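Accompanying notes for the structure given below.
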There are 2 protein chains.
Amino acid sequence: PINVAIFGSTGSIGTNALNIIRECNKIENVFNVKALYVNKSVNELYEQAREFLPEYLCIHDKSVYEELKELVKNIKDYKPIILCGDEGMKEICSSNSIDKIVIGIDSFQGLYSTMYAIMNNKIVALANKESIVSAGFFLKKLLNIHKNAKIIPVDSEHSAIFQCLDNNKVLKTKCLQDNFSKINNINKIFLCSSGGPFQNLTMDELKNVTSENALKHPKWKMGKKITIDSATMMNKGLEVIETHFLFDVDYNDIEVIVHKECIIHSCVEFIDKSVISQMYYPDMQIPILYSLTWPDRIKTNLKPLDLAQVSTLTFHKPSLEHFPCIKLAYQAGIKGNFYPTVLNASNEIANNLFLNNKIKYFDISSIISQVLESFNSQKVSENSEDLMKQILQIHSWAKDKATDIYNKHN
Amino acid sequence: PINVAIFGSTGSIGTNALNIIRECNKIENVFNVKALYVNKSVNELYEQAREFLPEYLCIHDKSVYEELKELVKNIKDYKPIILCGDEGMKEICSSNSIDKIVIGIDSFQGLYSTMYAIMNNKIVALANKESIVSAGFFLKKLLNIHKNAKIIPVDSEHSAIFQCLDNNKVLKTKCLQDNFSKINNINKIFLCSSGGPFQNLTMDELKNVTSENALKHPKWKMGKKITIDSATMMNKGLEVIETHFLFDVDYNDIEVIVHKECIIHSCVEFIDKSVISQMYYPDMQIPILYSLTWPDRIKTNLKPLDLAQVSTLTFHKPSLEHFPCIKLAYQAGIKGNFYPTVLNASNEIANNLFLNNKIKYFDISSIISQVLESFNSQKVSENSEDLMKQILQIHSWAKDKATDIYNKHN
Ligand SMILES: NC(=O)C1=CN([C@@H]2O[C@H](COP(=O)(O)OP(=O)(O)OC[C@H]3O[C@@H](n4cnc5c(N)ncnc54)[C@H](OP(=O)(O)O)[C@@H]3O)[C@@H](O)[C@H]2O)C=CC1
Ligand SMILES: NC(=O)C1=CN([C@@H]2O[C@H](COP(=O)(O)OP(=O)(O)OC[C@H]3O[C@@H](n4cnc5c(N)ncnc54)[C@H](OP(=O)(O)O)[C@@H]3O)[C@@H](O)[C@H]2O)C=CC1
Ligand SMILES: COc1ccc([C@H](CCC(=O)N(C)O)P(=O)(O)O)cc1
Ligand SMILES: COc1ccc([C@H](CCC(=O)N(C)O)P(=O)(O)O)cc1
Ligand SMILES: [Ca+2]
Ligand SMILES: [Ca+2]
Ligand SMILES: [Mg+2]
Ligand SMILES: [Mg+2]
């Protein structure tokens, strides 16, 4: 039986995780949900607790901590360990009754639990790309210290890549290890993208698009932050860096392709030029499930892919003029050092400004661009604790700098 | 050092096999071409011998044996063992200096060298699907006795499927072995097809198609036999049966899909509903190369796949009214026993009759159908030698029956 904790259980990823676990458990009882962890959504967490009855409940915000304890009392025959904040999360991570942890917490914040899960030698089913982008080489260093810990990618393109590999090669290495692409004979990555809601707009239309435009399309079913990143294609930019760190693929060997039907989720070209790709309907349940079953697969009752019904699949290059965030992400990745950290942080700010109607579409890239050119590279700390502080301080520096730039032009 | 013999070196498969070996050897000196074997193309074999300088040369037609020896003595500093007929084939198969054999011999004839290669515990890179279709159960029996032998598929769709699989599971089993699909978590197979030159014809148009139309469908030249089979989609019917035997997949789990761009070469749906596919330009060099390098990959200088330029991929279900050969294959496969043997034999006759303008398009299926209807199940004999002679009897019977049916009408 697979003992699982869901971190960020009330969001888009967490809900999909619980969905697939539920439906798979109807076929055979494969998963035990041992812990749920949310930020503020106490009512929704209670409802999930009622159904799945985990041994652990944690809410990050102390201000709703009491409210959770009282709500949970209605559930008969159930006495969970109810915890909160950083302290609660660390206790769950160190529990010997948990094997696998799904990280569906958003933003740079997802790094903290990812770090402690690793330090506790757990399998980390990581959907949070911000932690990889911002702390790539820290996570690397951490995985060399904690040799039984593993990151399994949940991000759909990276899951697709991972699913295309031979596991007799994968098991010789692990995600975020130097030389991963060489051991797996990977030559090149086709990184597929929906292209987002603005894919058909002219430069003139792009000037005046609003966050509401970005958020209204039902085709995009995710959290608000990632929805905005999909619209600017900064999401794909982040995923380029994520691909580089997870799989040790050279930036010049990662190609972004717009595939509007979202059936082919990404492709791996091996050294012989043979290309392998993973496909399904655009549904996060597959990537989530695979992270929890790897290196095996289990039966599901998901809708089978009907290729003749889909009938047509299309592919084109993205326009860098229309989506300058892509270009900025390659530039930050190629530059290396802490430039990806700076990229992620300034995007956090720019993303949120646009979401709340404070800046325009092209201001997003303008702000990010100015922060990256403000940054002064630092010698990378050889010490693991000092490296973590370095990342925190640089992330924080970049967010402040982005705010300065916004203010300067406001 | 990969010590390889090429059987049927002067045909389409053989030539392509020598092409990729040549090109790959320029990068890394991997392959030793140890043997070349052809029917009667002595001059072409001579030119190949001068380039590749194999330790063995063999020609099936003894009437050109002296012509071979006389041409070969023109090759400066080179003294091969030049061999003859079935005997020469058996000697090459028993050579310890040979590890892998590519079977690029066409038709039921290919089964003989396939059998002897397996009896000598070789790795058999098998392009010849007719041997599998007509003698699948016998090959399975043979592989159970000769435990170090393996069949690695070369047929592009089956190579595709093989590549889509996770080698960590493939390595725990082998092609034709019981439980292959269970071990590999296979739920179903999308068997892709070019659809052939007649894919867009109406029923009335199809009535009138001739062999010259079928053979003009070019790009890369194949044997006349498979070219006609592609036109009737009997090729795909044979491939459905080949899929069943190679991978132990149920007939109701095999779906034929017409993909006219021939970029996706086939797809595997796993029990979780995730789908994996192999893609490249249509080109037999990759499937050939992979059968010789498996479970590894090596570098090539083949043109990289450019998905943006390809731009569109399309899929549709084939019409069984327009292509009744497909239906006949499912029917023969499902009935089991020696019906696949009978299908293959009667097709060999019908195919050749159509090739030579003796019968019409729909007479092909009519003749095959009548032989299948005529045949009565036989008790399957238990020892290998007995089962082989049983196969040979039934094969000869079915060919004679097809010819008699033809003789009765025209
Ligand atoms: N949504 C998707 O399909 C995909 C998401 N991702 C990645 O997954 C991550 C999550 O995205 P998504 O699910 O869309 O985001 P959501 O906004 O939908 O969900 C965020 C979840 O994290 C929780 N959370 C936030 N902060 C904390 C904290 N400090 N402690 C505990 N829980 C916290 C939230 O809790 P609360 O409900 O209380 O606010 C919520 O449950 C992102 O990093 C994203 O990049 C990647 C690919 C696809
Ligand atoms: N062509 C292709 O791309 C594909 C082919 N296949 C399969 O591969 C096999 C070969 O097809 P293809 O290459 O098109 O066929 P070809 O007709 O082009 O080649 C047949 C080859 O086999 C040789 N041959 C015939 N009889 C004998 C024999 N008695 N002993 C030794 N050699 C013999 C021929 O020699 P000679 O030149 O002297 O006549 C020739 O080299 C077929 O079973 C086909 O179904 C499967 C998928 C794709
Ligand atoms: C509707 O299908 C899809 C919509 C959007 C996406 C991408 C954003 C969400 C994501 O990263 N996933 C699912 O991994 P993007 O390609 O627009 O960046 C992928 C699929
Ligand atoms: C142009 O690419 C292609 C042409 C033809 C085919 C098939 C026939 C030859 C074959 O079996 N191969 C290459 O494996 P079919 O689908 O028409 O039966 C596949 C690909
Ligand atoms: Ca594989
Ligand atoms: Ca009868
Ligand atoms: Mg993604
Ligand atoms: Mg084929």
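Lettering of chains follows the sequences in order, A, B, ..., and the numbering in each one begins at 1. Side-chain atoms are counted along with the backbone in the values below, which use heavy atoms only and exclude waters and symmetry mates.
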Heavy atoms from other residues, nucleotides or ligands near [atom1] of [X] exceed 12 (cutoff 6.0 Å):
X: B:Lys299; atom1: NZ; value: no
X: A:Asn252; atom1: CG; value: yes
X: B:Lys182; atom1: NZ; value: no
X: A:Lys327; atom1: NZ; value: no

With no hydrogens and no angle check, do the side chains of [X] and [Y] hold a donor and an acceptor under 3.5 Å apart?
X: B:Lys221; Y: B:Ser12; answer: no
X: A:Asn235; Y: A:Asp229; answer: no
X: B:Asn187; Y: B:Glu269; answer: yes
X: B:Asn121; Y: B:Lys147; answer: no
X: B:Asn168; Y: A:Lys169; answer: no
X: A:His158; Y: A:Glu239; answer: no
X: A:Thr293; Y: A:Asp296; answer: no
X: B:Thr312; Y: A:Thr314; answer: no
X: B:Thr173; Y: B:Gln177; answer: yes
X: A:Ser274; Y: B:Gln278; answer: yes

Nearest heavy-atom contact between A:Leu292 and A:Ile2 is O-CD1, 3.7 Å
Please find the pair of heavy atoms, one from B:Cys175 and one from B:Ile151, that lie closest to each other, and give the distance. CB-O, 3.3 Å
Going through the distances and angles, do B:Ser156 and B:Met284 end up as a side chain to side chain contact (heavy atoms under 4.5 Å, CB included)? CA-CA 7 Å; B:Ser156 75; B:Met284 284 300 292; 3.6 Å; yes
Assess B:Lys188 against B:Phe190: is NZ or CZ under 6.0 Å from the centre of the six-membered ring, and within 45 degrees of the ring's axis? yes
Taking the six-membered ring of A:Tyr339 as reference, does the NZ or CZ atom of A:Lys335 fall below 6.0 Å from its centre and within a 45° cone about the axis? yes
Quick check: do [X] and [Y] have side-chain heavy atoms less than 4.5 Å from each other?
X: B:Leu139; Y: B:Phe245; answer: no
X: B:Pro282; Y: B:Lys219; answer: no
X: A:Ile123; Y: A:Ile101; answer: no
X: B:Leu305; Y: A:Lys273; answer: no
X: A:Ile189; Y: A:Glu255; answer: no
X: B:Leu18; Y: B:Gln48; answer: yes
X: A:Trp294; Y: A:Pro153; answer: no
X: A:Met234; Y: A:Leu238; answer: yes

Separation of [Y] [atom2] from [X] [atom1] (nearest 0.5 Å):
X: B:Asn16; Y: B:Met222; atom1: CG; atom2: CE; answer: 11.0 Å
X: A:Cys164; Y: B:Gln163; atom1: SG; atom2: CD; answer: 11.5 Å
X: A:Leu143; Y: A:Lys141; atom1: CG; atom2: NZ; answer: 12.0 Å
X: A:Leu176; Y: A:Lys150; atom1: CG; atom2: NZ; answer: 13.5 Å
X: A:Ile254; Y: A:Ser181; atom1: CD1; atom2: OG; answer: 9.5 Å
X: A:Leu307; Y: B:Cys267; atom1: CG; atom2: SG; answer: 5.5 Å

Ring-plane angle category for B:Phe315 and B:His259, please: parallel below 30°, perpendicular beyond 60°, tilted otherwise. parallel
Would you find a donor on one side and an acceptor on the other, under 3.5 Å apart, between the side chain of [X] and the backbone of [Y]?
X: A:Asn128; Y: A:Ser131; answer: yes
X: B:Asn148; Y: B:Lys122; answer: no
X: B:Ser9; Y: B:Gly14; answer: no

Show the numbers, then the answer: is there a side chain to side chain contact (heavy atoms under 4.5 Å, CB included) between A:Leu302 and A:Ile286? CA-CA 9 Å; A:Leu302 297 173; A:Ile286 289 279; 3.6 Å; yes
Report the C-alpha distance between B:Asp166 and A:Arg297 in whole Å, list the side-chain angles of each, state the deciding distance to 0.1 Å, and finish with yes or no for salt bridge (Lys or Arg N to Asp or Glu O under 4.0 Å). CA-CA 11 Å; B:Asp166 169 10; A:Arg297 300 184 179 270; over 6 Å; no
Does the ring center of A:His244 lie less than 6.0 Å from the ring center of A:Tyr251? yes
Tell me whether the centres of the aromatic rings in A:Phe137 and A:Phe338 are closer together than 6.0 Å. yes
Step by step, would you call A:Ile241 with A:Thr243 a side chain to side chain contact (heavy atoms under 4.5 Å, CB included)? CA-CA 5 Å; A:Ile241 295 165; A:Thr243 303; over 6 Å; no
Would you mind telling me which of A:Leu191, A:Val258, A:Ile257 makes a side-chain contact (heavy atoms from CB on, under 4.5 Å) with A:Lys236? A:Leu191
Identified side-chain contact (heavy atoms from CB on, under 4.5 Å) counterpart of B:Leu289 within the set B:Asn19, B:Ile21, B:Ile20: B:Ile20
Does B:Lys34 form a salt bridge (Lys or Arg N to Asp or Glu O under 4.0 Å) with B:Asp99? I'd like the steps, not just the answer. CA-CA 9 Å; B:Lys34 303 290 284 198; B:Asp99 301 313; over 6 Å; no
Between B:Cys24 and B:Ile27, is the side chain to side chain contact (heavy atoms under 4.5 Å, CB included) condition met? List the steps. CA-CA 5 Å; B:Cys24 287; B:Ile27 302 161; 5.5 Å; no
